[PDB]
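In what follows, a structure is listed as C-alpha cells, so that the remarks can point back to it.
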Amino acid sequence: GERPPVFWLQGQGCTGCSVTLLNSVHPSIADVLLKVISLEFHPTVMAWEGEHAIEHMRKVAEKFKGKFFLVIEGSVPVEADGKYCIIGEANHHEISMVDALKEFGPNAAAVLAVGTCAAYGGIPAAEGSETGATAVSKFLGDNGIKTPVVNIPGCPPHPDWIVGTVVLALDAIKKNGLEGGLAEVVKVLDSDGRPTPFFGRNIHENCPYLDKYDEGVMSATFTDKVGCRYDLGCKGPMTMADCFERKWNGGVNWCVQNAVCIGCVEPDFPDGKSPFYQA
Amino acid sequence: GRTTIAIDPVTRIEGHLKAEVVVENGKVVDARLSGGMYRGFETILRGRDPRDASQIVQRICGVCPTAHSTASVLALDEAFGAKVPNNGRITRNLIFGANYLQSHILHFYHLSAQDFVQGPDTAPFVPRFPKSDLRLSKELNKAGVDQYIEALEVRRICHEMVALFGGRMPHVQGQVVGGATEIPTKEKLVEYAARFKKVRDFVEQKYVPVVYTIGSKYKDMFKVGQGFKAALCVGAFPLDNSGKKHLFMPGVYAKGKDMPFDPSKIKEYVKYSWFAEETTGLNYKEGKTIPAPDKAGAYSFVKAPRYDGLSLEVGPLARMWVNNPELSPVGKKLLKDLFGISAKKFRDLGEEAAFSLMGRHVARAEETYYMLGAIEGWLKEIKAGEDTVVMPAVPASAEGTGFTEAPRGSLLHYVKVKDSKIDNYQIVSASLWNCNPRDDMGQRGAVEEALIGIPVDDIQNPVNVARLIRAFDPXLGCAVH
Ligand code: SF4
Ligand code: SF4
Ligand code: SF4
Ligand code: FCO
Ligand SMILES: [Fe+2]
Ligand code: NI
Ligand SMILES: [S]
C-alpha cells in the first residue's frame, strides 16, 4: 500500500534519535525507508537542501493535510523568541523550531515525539539550562494545538520502539481508518504518553539480577557482573522499558549488563535520575 | 552582479547550519556560516557530580558520542588521579575505534554520496536540484546506490561492535572515569572480530575504491576548497600507558611548516558569535559561556577558536597530513591508474590536492583504512578476563583536561571540580574549529575561507556550495554544544 508521508523535524536534538533508527534490524532501515514510510523531509539524510527542502515539505503538507506524520527529535526552545533553534529559512524569513511546530503541528495526523528531549524536555531542559527547552506535548498544549501526540522516549530510544510504534499506528489505521486508528493508539498509551507494548514493564522486576538485589549482594566495582548494580547507581527500579528482553544493538548488550541503567526513558531524566553512579 | 545565496538548512550534515555566500562572476567571493541551535552543555553541567559528565556530554552529539565520552573520561581520569588499567585502555580504544568506522562510512555514503550519486525515484532521494551535476555512468551510479544500501548494514554492524563492550550505541554506558565497565570475555572478542571482518571487507573492497573512482570523475574538485591550508591535530588513541605514543601524534601545520601543538595557545573569540562581549579571547581553562542571542553583528552560536591567532582546520585531512602515513594499497593503485599520480605517503598527493573538496573525502577514506590496522592491533593486544576499571573517590577540588581526536577533528574537555561538584566545564570540539565564524579581527573560519573560490556557474543550481561544506563532515551539535 501507499507509504504515509513523514516529516522529521530536529529541534534541540543531538541526531542520536535519527542514528538509533538507522540501527533497526528487523525491518532494516532500508526497508523502512523504501517500504514502510515515505520520509519526505529529514535534514540529515535528504537529497535537497535549504529553501527548496522547506518548500518541498510545505507542498507535501498541503497535498496531505491532516494525513502526514510529524516526527520531532529534540526539545523546542521558547526563550528569546525562538532564536535558540533556527531550522530553516524561506521567503527571506528565518524559521525557528517554535515557528515550525506551530506551522506543521496543527496539520499532522499525529506528532511522534521521538526521544526524551522531545517527549519530556530531557537534557536541554535540565538544571542549568536557559533556552526554555520545552517538551512537544506541553508546547502544543500551550499553543492550543490539539493534534494527537505519541511519546517514544529514551536517550536514545531503541529503534524497535520507534519502528514498532509506527507499525502499531499503521495496523490500527488499516483496521479502523485514520482517526479511529489513532484513537486506538492513544488507548494503549500510559500516563506519560508512552506505548505500553514497549514501556508497560519495569526493568527491575524483570531483571536477571533481581535475586541478588533481594539478597543484598551488590557489586562494588563495575566489572563485577555477579552482583546487583544498585549501589553503583542502577535506576532500574524506577524505569519502565523492555531493555531487559530486547537488549541493544542487535541484542549484543544492554545497560544493566554492561554498567547501570540511567533511567533514560523517564520524564525526569536526567535530573531525577542523577547522580548516575550513586543510589 | 552580486548574488547572495542562503542555504538553511544545509542538509546531509549533522545539526543546524545556515550557509550564506556571495557569488560574483561565477565564483564564491564571500561566505558566512551560522550555527543556528544552542543547548548550553557547559552551563547545564555545572553543579553536578563530576562522574555524571561522561554520560551528559555524550548527548552533545549522537553521531560522535564516543568522542565526547572519551574526552570526558580522560579529563575526569586526570582530575580524579584515576589510574586506568592497561586492559581498560585497550577496551576503550576498541569501543571508540569502532565508531570511527561507523562515522566515516555514514559520512561518505549517507551524507556525502548523494552529492555525486542519483538515488532512486522516491523520498528522501528526490526531489533535488534540476541540474545536480551528477556525472557518473549508469553502472558506476548503480554501484554507488548499491554500496549506499550495503553501507546501511555495515554502519549498523559498527555500532554492534561499539555496544559489545560499550553497552549500547548511541550513548555508551561502558566508559567511566577509571576505565571501562565491562571486561572483555573470550566469547565477546570472537563476536567483535567476526563483525570487524565484515566491516574490513567493505572498507577495503567497496569504500576506499569508490571514493577514488568517483573522485576520478570529478577531478576539478581537487582544484578548489583549499582555504587556509592550515591544520591541527591534538593526538589520539594512546598506544601504551606511559602516554608517550598515540596512533595519531599531535602537531600543527601552517604556511608550509610543521610545528608542535601547545594547548595554551588556543583562544576562543566571540565578536561574531551570540555570546557576551566580555567573554571574548579566553583560553578554555578560563572559558565562559554566556549566551547573547540578540547581540548586534553576530551570526552564529559557534565560538571562533584560533591557535596562536591562526584559523586552522581539523579532521581526517588534518590528521593524515600531520602524521603523513603510508597510503593504502588501493589508493596507491588507483592514484596511478585513474589519476596518473605516483604516491607512497599521504603528503605525496601534494598540498593543493590534499586540501581540496575531494581531497578531504580521500583523506577520510584513507583514514578509515588506517584505523583497520589499529583495531586489528588492539584485538591482538587485549587480554580476555583482565580487569579494566578502578573505582576512585570523587575529589573535593581538582581540574583535568582530556584531549582526543573525534572522527571530525580535535576535541578537548576541561573540567574544574570544587566542593566535589563541577565548577566549570569547557568543551572545544572538532566542528568548532571548522565551522566557526569570523574572529575579532575579521579572519574567517576554516570552512568559510575554504568556500572562497568555489565555482557557482549556475546560481539556480549552486550545488558546489554545500558540496564543499559536506567535505568537512560538519557537526553543528558538536560545534555549539
Ligand atoms: S533524546 Fe537523547 S539521543 Fe534523542 S535527541 Fe535528545 S539527547 Fe539526543
Ligand atoms: S541491577 Fe538494577 S534493575 Fe537489576 S536487580 Fe539490581 S537495581 Fe534492579
Ligand atoms: S537499560 Fe535503562 S538507560 Fe539503558 S536504554 Fe533501557 S531504560 Fe535507557
Ligand atoms: N566527530 C565528531 Fe563531533 C564534531 N565535530 C566531536 O567532537
Ligand atoms: Fe565550548
Ligand atoms: Ni558530533
Ligand atoms: S565518536
Side-chain angles (χ1 to χ4, degrees), chain A residues 8 10-21 71-75 113-126 133 135-136 151-158 160-162 194 198-199 201-219 224-249 253-266 269-270 273 276 279, chain B residues 14-15 37 39 41 44 55-63 65 68 163 167-174 477:
Chain A
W8 187 297
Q10 292 173 331
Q12 296 168 298
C14 76
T15 306
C17 287
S18 286
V19 175
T20 204
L21 178 57
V71 171
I72 307 301
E73 168 174 24
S75 53
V114 175
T116 296
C117 296
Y120 305 129
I123 291 185
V136 167
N151 291 327
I152 312 164
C155 195
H158 196 288
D160 299 351
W161 304 342
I162 300 173
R194 309 180 288 196
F198 305 113
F199 303 96
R201 291 183 289 161
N202 176 249
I203 293 277
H204 173 78
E205 293 298 337
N206 291 282
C207 183
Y209 303 110
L210 189 59
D211 55 342
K212 303 287 181 190
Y213 176 87
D214 284 344
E215 294 160 15
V217 173
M218 301 288 168
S219 291
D224 175 355
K225 300 312 192 187
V226 176
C228 162
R229 287 65 160 152
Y230 180 82
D231 286 354
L232 296 169
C234 188
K235 301 311 188 309
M238 296 296 122
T239 303
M240 300 299 293
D242 66 5
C243 300
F244 56 88
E245 195 164 85
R246 76 176 64 257
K247 298 186 178 174
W248 277 79
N249 297 98
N253 213 337
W254 67 300
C255 309
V256 173
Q257 197 292 132
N258 174 247
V260 300
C261 175
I262 67 178
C264 73
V265 295
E266 294 298 308
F269 176 87
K273 294 289 181 280
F276 292 128
Chain B
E14 193 287 324
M37 189 273 282
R39 285 164 299 165
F41 282 75
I44 291 163
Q55 286 302 303
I56 298 299
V57 300
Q58 289 189 76
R59 279 75 182 173
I60 292 171
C61 202
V63 178
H68 291 288
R168 66 155 167 179
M169 189 66 165
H171 304 331
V172 296
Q173 296 281 18

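Order of listing sets the numbers, starting from 1, for every ligand and every atom in it. What's counted below: heavy atoms across the whole structure, side chains too, no hydrogens, waters or symmetry copies. We name chains A, B, ... by the order of the sequence lines, and we start the count at 1 in each one.
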Margin query: Using a 4.0 Å cutoff against the non-hydrogen atoms of A/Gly115, which atoms of ligand 1 qualify?
Written below: 1 (S)
Check: Considering only heavy atoms, which of A/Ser18, A/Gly121, A/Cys117 lies nearest to atom 6 (Fe) of ligand 1?
Finding: A/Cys117
Note to self: Return the closest protein heavy atom for atom 8 (Fe) of ligand 1 as residue, atom name and distance.
What the structure shows: A/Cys14 SG, 2.3 Å
Margin query: With heavy-atom distances below 4.0 Å as the criterion, list the atoms of ligand 2 near A/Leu210.
Written below: 5 (S)
Margin query: Taking B/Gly174's backbone N and O only, do any of them form a donor-acceptor pair with A/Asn258's side chain (distance below 3.5 Å, no angle check)?
Written below: yes
Item checked: Interfacing atoms of ligand 1 (cut-off 4.0 Å, heavy-atom, B/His171) -> 3 (S)
Checklist line | Ligand-residue contact atoms, ligand 1 with B/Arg59, heavy atoms, under 4.0 Å | finding: 7 (S)
Next item on the list: Considering the heavy atoms of A/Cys255, write down every atom of ligand 3 situated less than 4.0 Å from one of them.
Entry: 1 (S), 3 (S), 4 (Fe), 5 (S)
Check: Is atom CZ of A/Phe244 surrounded by more than 12 heavy atoms (other residues, nucleotides or ligands) closer than 6.0 Å?
Finding: yes
Next item on the list: Give the atoms of ligand 3, by number and element, whose distance to some non-hydrogen atom of A/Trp248 is under 4.0 Å.
Entry: 5 (S)
Notebook entry, point to check: So is A/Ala118 in contact with ligand 1, going by heavy-atom distances below 4.0 Å?
Noted result: no
Notebook entry, point to check: Do any protein N, O or S atoms sit under 2.8 Å from atom 2 (Fe) of ligand 2, and which ones are they?
Noted result: A/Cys234 SG
Checklist line | Test: A/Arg229 cationic atom under 6.0 Å from A/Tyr209 six-membered ring centre, within 45° of axis | finding: yes
Next item on the list: Could you list which atoms of ligand 1 come closer than 4.0 Å to a heavy atom of A/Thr116?
Entry: 1 (S)
Margin query: Quick check on contacts: which atoms of ligand 3 are under 4.0 angstrom from a heavy atom of A/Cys243?
Written below: 1 (S), 5 (S), 6 (Fe)
Notebook entry, point to check: Is it the side chain (CB and beyond), the backbone, both or neither of A/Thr239 that lies under 4.0 Å from ligand 3, heavy atoms counted?
Noted result: side chain
Notebook entry, point to check: Looking at A/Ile262, which atoms of ligand 3 are within less than 4.0 Å of one of its heavy atoms?
Noted result: 3 (S)
Margin query: I need the atoms of ligand 3 closer than 4.0 Å to a non-hydrogen atom of B/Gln173, numbered in the order shown.
Written below: 3 (S)
Notebook entry, point to check: Of all the non-hydrogen atoms in the protein, which one sits nearest to atom 2 (Fe) of ligand 1, and at what distance?
Noted result: A/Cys155 SG, 2.3 Å
Checklist line | Closest approach of any protein heavy atom to atom 4 (Fe) of ligand 1, naming residue and atom | finding: A/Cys17 SG, 2.3 Å
